[PDB]
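Each chain is listed here by its residues.
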There are 4 protein chains.
Amino acid sequence: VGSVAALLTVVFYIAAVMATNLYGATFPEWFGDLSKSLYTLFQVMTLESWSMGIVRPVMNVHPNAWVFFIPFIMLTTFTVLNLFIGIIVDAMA
Amino acid sequence: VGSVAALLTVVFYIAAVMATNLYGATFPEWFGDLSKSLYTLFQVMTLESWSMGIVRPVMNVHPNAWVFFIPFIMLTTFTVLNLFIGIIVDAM
Amino acid sequence: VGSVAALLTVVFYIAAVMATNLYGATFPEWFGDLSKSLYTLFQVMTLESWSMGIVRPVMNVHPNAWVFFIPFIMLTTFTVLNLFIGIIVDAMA
Amino acid sequence: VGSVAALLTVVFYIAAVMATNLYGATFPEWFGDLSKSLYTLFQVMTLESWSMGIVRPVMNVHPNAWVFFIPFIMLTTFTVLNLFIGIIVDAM
Ligand SMILES: [Br-]
Ligand SMILES: [Br-]
Ligand code: NA
Ligand code: NA
Ligand code: NA
Ligand code: NA
Ligand code: NA
């Protein structure tokens, strides 16, 4: 369980570093700095306006932005689910 | 588990082929080509603006568009859940 | 499992009948007829624009519309989850 | 199971008291009174327009509003899930 939580944090920071680099200059309110990026990627992970609100406006400038977000969503919005189930199963003793 | 992942892919491509045909000419930014369609159907599967953003504007032109999306959502947003649980159970 | 699916259908139709009556005259594009209502309540069950898109505009005219939707969300967005888990557990033999 | 449901209610009312205090004067339609706050925090817990609709407009006035909502979302959108699974397991 602790190994899963460590994997997600390392993945979250690297993704937020990557996103700052890629879309910070063109979408500064969303990826302008690591802090803005970590907040956006959490919102993207929770799926709130991920497409209409974020990815569609982003993809308009970066046609292939989906190569980052779609797998990023597939990984985190699976790992979080796996982690949360992991705590629940471990709780029974 | 591998059988489930294969079923979802085949279903996803056929649905995206179908949607391109049905709503590509009237909603090209959303279903204009297979690529645009696969991206939209993933967004529809995650449920982001599926109604207000997609299905409601679509249904305005195609009154019965719900006959495609509602079952499509019912299938994928069940199979993905079944697949993800399938990996978790198999891991132990 | 079959008993759960029957309970949800009966609940869905009665809720959609109730909603047509309550908010059909003031919000016809959303609850104007049983068909429009069943489509809206599914969208509300999936949680797409349930508040900003539906309940907030509705509550503006019917201040207590939350007494219908909040429990309706609590019931269906629990029963569907319980039904889907029910099929998964029953599949193993 | 009953202990979990009690923990969530106590957490929900305290969070809604806190939010009324913090953002009621600047965002009254959203946190103007405990009732408005409890309705908003449920909508935030379901994740409907939590960022674009609520937290982003809020953070514009309170730059650190994320210190409240992100953990609030992390707690409730875990406890509800844990509670719902708890009823399902106890049913057998
Ligand atoms: Br997914
Ligand atoms: Br809920
Ligand atoms: Na949304
Ligand atoms: Na969702
Ligand atoms: Na959502
Ligand atoms: Na959601
Ligand atoms: Na949404």
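Residues numbered from 1 in each chain as written, not as in the entry; some residues may be left out. Chains lettered and ligands numbered in written order. Heavy atoms only, no water. Residues with missing side-chain atoms left out of burial classes, pairs and counts.

- In its metadata, the entry names X-ray crystallography as the structure determination method and reports 3.02 Å as the resolution.

## Overview of the overall build of chain A
Thinking step 1. Helices and strands together make up the secondary structure of chain A, namely 5 helices and 0 strands.
Thinking step 2. Listed by position from the N terminus, the elements making up chain A come as α-α-α-α-α.
Thinking step 3. In terms of its C-alpha atoms, chain A occupies a principal-axis envelope of roughly 50 × 20 × 20 Å. (Helix = DSSP H or I, 4+ residues; strand = E, 2+ residues; numbered from the N terminus.)

## Observations regarding the interface of chain A and chain D
Thinking step 1. Each partner contributes residues to the interface: chain A has 14 residues there, and chain D has 18 residues.
Thinking step 2. When residues of the side of chain A that touches chain D are traced back to their parent elements, those giving at least two are α2 (28-31), α3 (34-45), α4 (50-61) and α5 (66-91) of chain A.
Thinking step 3. Per-element tally for the side of chain A that touches chain D: the top contributor is α3(A), with 4 residues.
Thinking step 4. Broken down by class, the residue content of the side of chain A that touches chain D amounts to 7 nonpolar, 5 polar and 2 charged. (Contact = heavy atoms within 4.5 Å. Nonpolar A, V, L, I, M, F, W, Y, C, P; charged D, E, K, R; others polar.)

## What to know about the environment of D:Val80
Thinking step 1. Here D:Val80 shows up in helix α5 (residues 66-91).
Thinking step 2. Excluding residues that lie within four positions of it along the chain, D:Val80 makes contacts with D:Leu8 and D:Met45.

## Some points on the packing of helix α4 (residues 50-61) of chain B against helix α5 (residues 66-91) of chain B
Packed helix pairs are characterised by how far apart their axes lie and by the angle those axes make with each other.
Residue and element names in this part refer to chain B.
Thinking step 1. Direction vectors running N to C along α4 and α5 enclose 150°, while the axes themselves pass 10 Å from each other. One element, α4, and the other, α5, form an angle in the roughly antiparallel class. Facing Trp50, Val55, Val58 and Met59 of α4, the residues of α5 in contact are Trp66, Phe69, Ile70 and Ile73.
Thinking step 2. Of the residues that constitute the contact of α4 with α5, the class distribution is 8 nonpolar, no polar and no charged. (Axes fitted to C-alpha atoms, helices over the stretch in contact; angles between N-to-C directions. Parallel < 35°, antiparallel > 145°, perpendicular 65-115°, else oblique.)

## Details of the packing of helix α1 (residues 2-23) of chain A against α3(A)
Residues and elements named next belong to chain A.
Thinking step 1. Put simply, α1 and α3 touch, their axes get as near as 9 Å, and they point 115° apart. Our classification of the angle between α1 and α3 gives roughly perpendicular. With respect to the hand of their crossing, α1 and α3 are arranged in right-handed fashion. Contact residues: α1 offers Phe12, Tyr13, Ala15, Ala16, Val17, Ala19 and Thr20, while α3 offers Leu34, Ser37, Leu38, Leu41, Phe42 and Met45.
Thinking step 2. The class makeup of the residues in the contact of α1 with α3 is 11 nonpolar, 2 polar and no charged. (Left-handed = near helix turned anticlockwise from the far one by under 90°.)

## Thoughts on the packing of aromatic side chains
Geometrically, a pair of aromatic rings is defined through the distance of the ring centres and the angle of the planes.
Thinking step 1. Considering all chains together, one arrives at 40 aromatic pairs over all chains under this definition.
Thinking step 2. With a centroid separation of 5.9 Å and an interplanar angle of 75°, the aromatic rings of A:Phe42 and D:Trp50 are classed as edge-to-face. Placement of A:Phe42 in helix α3 and of D:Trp50 in helix α4 (residues 50-61) is noted, with the two residues assigned to different chains.
Thinking step 3. A relative accessible area of 10% places A:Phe42 in the buried class.
Thinking step 4. When the ring of B:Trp50 is compared with that of C:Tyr39, the centres are 5.8 Å apart and the planes differ by 70°; the resulting orientation is edge-to-face. Taken together, the residues span two chains, with B:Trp50 in helix α4 and C:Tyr39 in helix α3 (residues 34-45).
Thinking step 5. Judged by its relative accessible area of 6%, C:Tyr39 is buried.
Thinking step 6. Aromatic rings pair up to connect B:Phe12, B:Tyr23, B:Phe31, B:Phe68, B:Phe69 and B:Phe72 into one cluster. (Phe/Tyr/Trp six-rings, centres within 6.5 Å; stacked < 30°, edge-to-face > 60°. Buried < 20%, exposed > 50% of the residue type's maximum accessible area, 1.4 Å probe, protein only.)

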